[PDB]
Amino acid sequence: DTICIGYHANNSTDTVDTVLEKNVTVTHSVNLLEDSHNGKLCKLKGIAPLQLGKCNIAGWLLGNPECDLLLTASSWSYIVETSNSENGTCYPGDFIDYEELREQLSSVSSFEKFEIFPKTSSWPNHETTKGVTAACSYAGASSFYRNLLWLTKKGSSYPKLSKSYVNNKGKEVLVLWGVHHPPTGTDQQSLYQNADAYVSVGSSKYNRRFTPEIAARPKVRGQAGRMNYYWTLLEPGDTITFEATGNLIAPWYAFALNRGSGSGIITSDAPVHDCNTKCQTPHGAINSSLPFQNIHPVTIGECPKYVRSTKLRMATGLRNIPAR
């Protein structure tokens, strides 16, 4: 007659590590490290993400003729760029404070695109065409930005221009414009008449002066002239005033902005499908409730903490010693 004391064992092959020993076979264990992803780019809160395709933020907002697909966009869960996203600035130049703008657009959920300075009625004393360029061509025909207007002297005469907009919208308004810089002094006059022209833009908090910085430059995309692009957030009930005696790439469309939280810009080639998720990465979505993942650092939504680990297995049971 005998009674023995002992412990569980089974057909488990799961191993764990300790400070004293590595690869200890245990009876039970949890895996704290999520390493499996959807491979897709999914909706968020029901709303699908804005795909920029072969366009980047610069091209989408300015209205690069290759980004006409995006003229319908209004609301999104987050912004997706790809490896082919290079269509943006088609007329050579600097997009000032571009990175900042991208950051601002990350905390935006939707917007209203509206015609701020209608092309047909806004510029009587100035030429509303001519403002197209091969650099920004579409369908083989020279074109230009859909949301900006390249004004030129109407019959060898460029009257000092002054235009204003009042923000009656109940939101911030993204206003974009540009400043042209001819290659030589000859080109300067051909376009704007006026040799010492200027562009002054002023609102309640914004005030800045723009002088045509003329210099000899290599041709980029056919153009030896450069064009710097600008923007600003016009606050509700505020006025913005554009004054120009030349070189002004006037606004034509603008954006009333809806601020959301939890969103941003990622670079990804993972396909976009019709599925919903709570966590999205550049590689794909994550349907997991574990604390860690080693898939990708970039995250949007409620996701597990990213980490470099190959394996994070926590023992729950004890040493497995089935010896039968």
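Heads up: residue numbers just count along the shown sequence, starting at 1.
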(message) Test of understanding: from the entry's C-alpha B-factors, which stretch has the higher mean, 175 to 183 or 158 to 166?
(response) 158 to 166
(request) Check the entry's C-alpha temperature factors for 54 to 62 and 32 to 40, then say which stretch has the higher mean. (result) 32 to 40
(request) Select one of 115, 196, 97, 235: the residue whose C-alpha shows the highest B-factor in the crystal structure entry. (result) 196
(request) Could you say which of 295, 265, 279, 257 has its CA atom at the highest B factor, as listed in the PDB entry? (result) 279
(request) Please rank the C-alpha B-factors of the chain's modelled residues and tell me whether residue 16 sits in the lowest, middle or highest third. (result) lowest
(request) Give the position of residue 153 by CA B-factor within its chain, expressed as the lowest, middle or highest third. (result) highest
(message) Ranking the modelled residues of this chain by C-alpha B-factor as given in the entry, is residue 290 in the lowest, middle or highest third?
(response) middle
(request) Compare the C-alpha B factor of residue 71 with those of the other modelled residues in its chain, then answer lowest, middle or highest third. (result) highest
(message) Going by the CA temperature factor in the PDB record, which third of the chain does residue 300 belong to: lowest, middle or highest?
(response) highest
